[PDB]
Novice: 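Could you have a look at this structure, given as structure tokens, before my questions?
The analysis underlying the following values was restricted to heavy atoms, covering all of them including side chains, and did not include hydrogens, waters or symmetry mates. Order of the sequence lines sets the chain letters (A, B, ...), proteins ahead of strands, with each chain counted from 1.
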Amino acid sequence: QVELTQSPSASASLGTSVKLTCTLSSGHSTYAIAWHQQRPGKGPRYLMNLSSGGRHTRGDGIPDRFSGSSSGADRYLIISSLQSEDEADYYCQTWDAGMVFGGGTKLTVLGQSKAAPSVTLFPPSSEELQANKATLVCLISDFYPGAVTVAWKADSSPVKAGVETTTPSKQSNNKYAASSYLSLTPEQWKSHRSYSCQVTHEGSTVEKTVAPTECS
Amino acid sequence: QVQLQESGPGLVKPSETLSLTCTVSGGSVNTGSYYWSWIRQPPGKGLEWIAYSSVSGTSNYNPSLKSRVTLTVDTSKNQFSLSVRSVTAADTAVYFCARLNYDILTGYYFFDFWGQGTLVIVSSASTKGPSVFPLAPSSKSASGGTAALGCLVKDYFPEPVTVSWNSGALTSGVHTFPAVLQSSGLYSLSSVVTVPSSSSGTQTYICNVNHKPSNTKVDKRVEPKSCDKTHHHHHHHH
């Protein structure tokens with residue numbers, strides 16, 4: 001039966017026009033399709049349908065910068081003036097014996113301003129300490145691009161054991177956030193003068209420090 | 001105006017039967033040139049159509065799933081339901097319901113309204129409800145005039161967990177972070193709210209955590225204080 005072939009990735013700059021491609025299988029070059037958009041953590045949104053001759057009809061509420069076109073077996077989604085909220089996965093869809101989807105194309109939108117991370121570091125709560133555990137919580141927010149490395153220190157010695165760190169993902173404000181957690185015993189926490197979370201982003205570093213003598 | 005919402009369990013064991021229900025608002029599962037459809041998306045992967053059906057009993061299935069799936073439509077409640085028999089880890093996915101529209105103007109079939117999706121984890125692992133701990137900032141972190149208060153939602157399985165503050169009345173300055181998946185196979189996340197360092201004693205902060213697979217539903221009071229709780233007695237600077 002019919003198959004839809006989409007390349008899995010595309011990337012382009014804010015303000016440009018972008019063209020995404022869906023290819024129909026052999027023998028199905030006359031087929032019409034629909035385009036759907038899926039923003040991160042959301043359900044898909046129907047964008048438009050599109051004939052093999054390139055006539056498109058947008059869904060209700062879809063901006064007019066989304067259009068479609070066609071050439072032979074290829075079907076196009078054209079985004080005229082790329083916006084940050086267009087960063088999303090785009091799926092073509094058709095029908096035959098049943099309903100059919102392409103594999104999706106993840107569109108990365110480029111060009112936003114660089115931004116250094118903000119770092120918040122929390123000491124363990126008394127409640128967790130009473131439960132005979134200790135977790136330091138380092139929260140990293142509002143940075144772009146999305147690559148950081150996190151290093152922990154006990155006083156001035158590097159700490160590698162007990163460290164768990166997320167892969168950065170974009171938040172509602174279109175900037176990356178990440179978290180790092182250091183698991184200690186309460187004895188380790190009270191045994192040192194301080195602990196530090198150090199975040200390196202684009203060659204530059206930001207450090208926060210907490211100490212058991214700061215809390216009581 | 002058409003809206004769809006999925007409900008179902010968050011965690012099921014291998015070989016069980018999964019049941020999901022879609023509830024439709026602003027339209028009727030009894031009237032129109034529509035089919036009512038299910039689609040799923042394993043984490044990090046693409047959309048896969050499952051099946052659809054109509055109140056009239058017409059149904060259509062993904063061949064690879066046809067023998068495992070049953071679809072029902074309930075006009076009395078404006079709902080429709082999917083059942084998937086003998087699940088394995090291959091069935092872990094976000095499941096979406098959708099309205100499949102037949103467009104008479106074109107002859108085309110396309111999903112024009114989608115639900116938000118519900119995560120279903122298929123695993124032999126047990127559920128695990130989180131511990132919820134208040135996050136109190138150091139006094140130095142607060143000395144700039146604003147401070148972060150938070151809740152640590154520690155050691156749970158599976159995803160997801162919902163967090164709100166003051167039952168949803170407090171939204172400005174709230175940031176809930178993505179969870180970390182630890183080496184143990186358990187998740188942790190943190191949620192914080194930025195507040196003025198000023199009075200704060202005149203303020204109530206309750207983090208509402210809900211982990212539905214473990215029925216862990218907790219409202220944790222977070223004291224508007226730094227991690228040095230004795231400062232208003234001793235008056236020391238830390």
Novice: Within the supplied structure, the quantity of interest is the number of heavy atoms (other residues, nucleotides, ligands) at a distance under 6.0 Å from A:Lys208 NZ; does it exceed 12?
Specialist: no
Novice: Are A:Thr135 and A:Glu128 close enough, and set up right, to give a side-chain hydrogen bond (donor to acceptor under 3.5 Å, both in side chains), and what steps lead you there?
Specialist: CA-CA 8 Å; A:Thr135 307; A:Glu128 184 184 31; 2.6 Å; yes
Novice: Given side chains that start at C-beta, do those of A:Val2 and A:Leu24 come closer than 4.5 Å, heavy atoms only?
Specialist: yes
Novice: Between CD1 of A:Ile33 and SG of A:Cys92, what distance do you get to the nearest 0.5 Å?
Specialist: 5.0 Å
Novice: Between B:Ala148 and A:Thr120, what is the shortest heavy-atom contact and its length?
Specialist: CB-CG2, 4.4 Å
Novice: Is a donor on one side and an acceptor on the other found under 3.5 Å between the side chain of B:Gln5 and the backbone of B:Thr23?
Specialist: no
Novice: In Å and rounded to the nearest 0.5 Å, what is the CZ to CG distance from B:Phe96 to B:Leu4?
Specialist: 12.0 Å
Novice: Side chains of A:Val18 and A:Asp86: does their closest heavy-atom pair fall under 4.5 Å?
Specialist: no
Novice: Write down the atom of B:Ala51, the atom of B:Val69, and the distance for their closest heavy-atom approach.
Specialist: CB-CG1, 4.3 Å
Novice: Distance-only, no hydrogens or angles: does the A:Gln171 side chain make a donor-acceptor pair with backbone N or O of A:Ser169 under 3.5 Å?
Specialist: yes
Novice: Are any side-chain N or O atoms of A:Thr166 and backbone N or O atoms of A:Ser179, one a donor and one an acceptor, separated by less than 3.5 Å?
Specialist: yes
Novice: Is any side-chain heavy atom of B:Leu20 less than 4.5 Å from a side-chain heavy atom of B:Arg40?
Specialist: no
Novice: On the 0 to 90° scale, with breaks at 30° and 60°, tag the A:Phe143-A:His201 ring pair as parallel, tilted or perpendicular.
Specialist: perpendicular
Novice: For a 4.5 angstrom cut-off between non-hydrogen side-chain atoms, does A:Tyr195 reach A:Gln188?
Specialist: yes
Novice: Assess, by modelled atom type and distance only, whether the side chains of B:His236 and B:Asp228 contain a donor and an acceptor separated by less than 3.5 Å.
Specialist: yes
Novice: With sequence neighbours left out, what residues match A:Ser13 under side chain to side chain donor-acceptor pair (under 3.5 Å)?
Specialist: none
Novice: Please determine whether side-chain contact (heavy atoms from CB on, under 4.5 Å) holds for the pair A:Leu121 and B:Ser141, giving the CA-CA distance in whole Å, both sets of side-chain angles, and the decisive distance to 0.1 Å.
Specialist: CA-CA 8 Å; A:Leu121 177 56; B:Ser141 313; over 6 Å; no
Novice: For the residue pair A:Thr200 and A:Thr205, confirm or rule out a side-chain donor-acceptor distance under 3.5 Å.
Specialist: yes
Novice: Any luck finding a side-chain donor-acceptor pair between A:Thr108 and A:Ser11 under 3.5 Å?
Specialist: no
Novice: Could you walk me through whether B:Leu186 and B:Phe157 pass the side-chain contact (heavy atoms from CB on, under 4.5 Å) test, one step at a time?
Specialist: CA-CA 5 Å; B:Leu186 302 173; B:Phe157 180 83; 3.8 Å; yes
Novice: To the closest 0.5 Å, what do you measure between CG (A:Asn174) and OG (A:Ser84)?
Specialist: 5.0 Å
Novice: Is the backbone N or O of A:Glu87 less than 3.5 Å from a side-chain atom of A:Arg39, with the two atoms forming a donor-acceptor pair by type?
Specialist: yes
Novice: Do the side chain of A:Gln93 and the main chain of A:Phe101 share a donor and acceptor less than 3.5 angstrom apart?
Specialist: no
Novice: List the steps, then state whether side-chain hydrogen bond (donor to acceptor under 3.5 Å, both in side chains) holds for B:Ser83 with B:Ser19.
Specialist: CA-CA 4 Å; B:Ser83 166; B:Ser19 177; 5.8 Å; no
Novice: Quick one: does A:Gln6's side chain have a donor or acceptor within less than 3.5 Å of a partner on A:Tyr90's backbone?
Specialist: yes
Novice: For residues 146-174 of chain A, which residue pairs pass the ring pair (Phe, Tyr, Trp, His ring centres under 6.0 Å) check, not counting sequence neighbours?
Specialist: none
Novice: For the CG atom of B:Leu47 and the CD atom of A:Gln38, what is their distance to the nearest 0.5 Å?
Specialist: 5.5 Å
Novice: Can you give the donor-acceptor pairs under 3.5 Å from side chains of residues 114-133 of chain B to other protein atoms, not counting sequence neighbours?
Specialist:
residue	atom	partner	partner atom	Å
B:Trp114	NE1	A:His36	ND1	3.3
B:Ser123	OG	B:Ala125	N	3.0
B:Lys128	NZ	B:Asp155	O	2.8

Novice: Check whether B:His233 reaches the backbone of B:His231 with its side chain - one donor and one acceptor, N or O, closer than 3.5 Å.
Specialist: no
Novice: Would you say A:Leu139 and A:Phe122 make side-chain contact, with heavy atoms under 4.5 Å?
Specialist: yes
Novice: Walk me through whether B:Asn210 and B:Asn208 qualify under side-chain contact (heavy atoms from CB on, under 4.5 Å).
Specialist: CA-CA 7 Å; B:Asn210 192 11; B:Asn208 323 109; over 6 Å; no
Novice: Under 4.0 Å between a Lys/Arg side-chain N and an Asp/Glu carboxylate O for A:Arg65 and A:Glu85?
Specialist: yes
Novice: Indicate whether the side chain of B:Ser183 and that of A:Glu164 have a donor and an acceptor atom separated by less than 3.5 Å.
Specialist: yes
Novice: When rounded to the nearest 0.5 angstrom, what is the spacing between NE2 in A:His56 and CG in A:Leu77?
Specialist: 10.0 Å
Novice: Taking everything shown except A:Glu3 itself, do over 12 heavy atoms lie less than 6.0 Å from its CD?
Specialist: no
Novice: Determine whether the side chains of A:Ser17 and A:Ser80 contain a donor N or O and an acceptor N or O closer than 3.5 Å.
Specialist: no
Novice: Is a side-chain N or O of B:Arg68 found less than 3.5 angstrom from the main chain of B:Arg85, in a donor-acceptor match?
Specialist: yes
Novice: Let me confirm one number: the CG-CG distance from B:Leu82 to B:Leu18, rounded to the nearest 0.5 Å.
Specialist: 6.5 Å
Novice: Short question: side chain of B:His235, backbone of B:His232 - any donor-acceptor pair under 3.5 Å?
Specialist: yes
Novice: Does the side chain of A:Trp35 come within less than 4.5 Å of A:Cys22's, by heavy atoms?
Specialist: yes
Novice: Can you find a heavy atom in the side chain of A:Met48 that is under 4.5 Å from one in the side chain of A:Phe66?
Specialist: yes
Novice: Quick check against the 3.5 Å criterion: does B:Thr216 have a side-chain atom that pairs as donor or acceptor with the backbone of B:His211?
Specialist: no
Novice: Taking C-beta and beyond as the side chain, do A:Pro145 and A:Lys114 meet within less than 4.5 Å on heavy atoms?
Specialist: yes
Novice: Is the count of non-hydrogen atoms from other residues, nucleotides or ligands lying under 6.0 Å from A:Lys42 atom NZ greater than 12?
Specialist: no
Novice: Heavy-atom count around B:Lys154 NZ within 6.0 Å, excluding the residue itself: above 12?
Specialist: yes
Novice: Go through the steps to decide whether B:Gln203 and B:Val195 satisfy the test side-chain contact (heavy atoms from CB on, under 4.5 Å), and finish with yes or no.
Specialist: CA-CA 9 Å; B:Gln203 269 289 154; B:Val195 307; over 6 Å; no
Novice: Any chance the side chains of B:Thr230 and A:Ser216 put a donor and an acceptor closer than 3.5 Å?
Specialist: yes
Novice: Would you sort out whether B:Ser64 and B:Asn62 count as a side-chain hydrogen bond (donor to acceptor under 3.5 Å, both in side chains), showing the intermediate values?
Specialist: CA-CA 6 Å; B:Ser64 73; B:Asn62 179 324; 2.9 Å; yes
Novice: Do you know which two heavy atoms are closest between B:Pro134 and B:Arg221, and how far apart they sit?
Specialist: CG-O, 4.2 Å
Novice: Are any of the side-chain nitrogens in A:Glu214 or B:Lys140 under 4.0 Å away from the carboxylate oxygens of its partner?
Specialist: no
Novice: What is the minimum heavy-atom distance between A:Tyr46 and A:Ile62, and which atoms define it?
Specialist: O-CD1, 3.5 Å
Novice: Please check if any side-chain donor atom of A:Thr23 sits under 3.5 Å from a side-chain acceptor atom of A:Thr5, or the reverse.
Specialist: no
Novice: Is it true that A:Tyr181 and B:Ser190 share a donor-acceptor pair across their side chains at a distance under 3.5 Å?
Specialist: yes
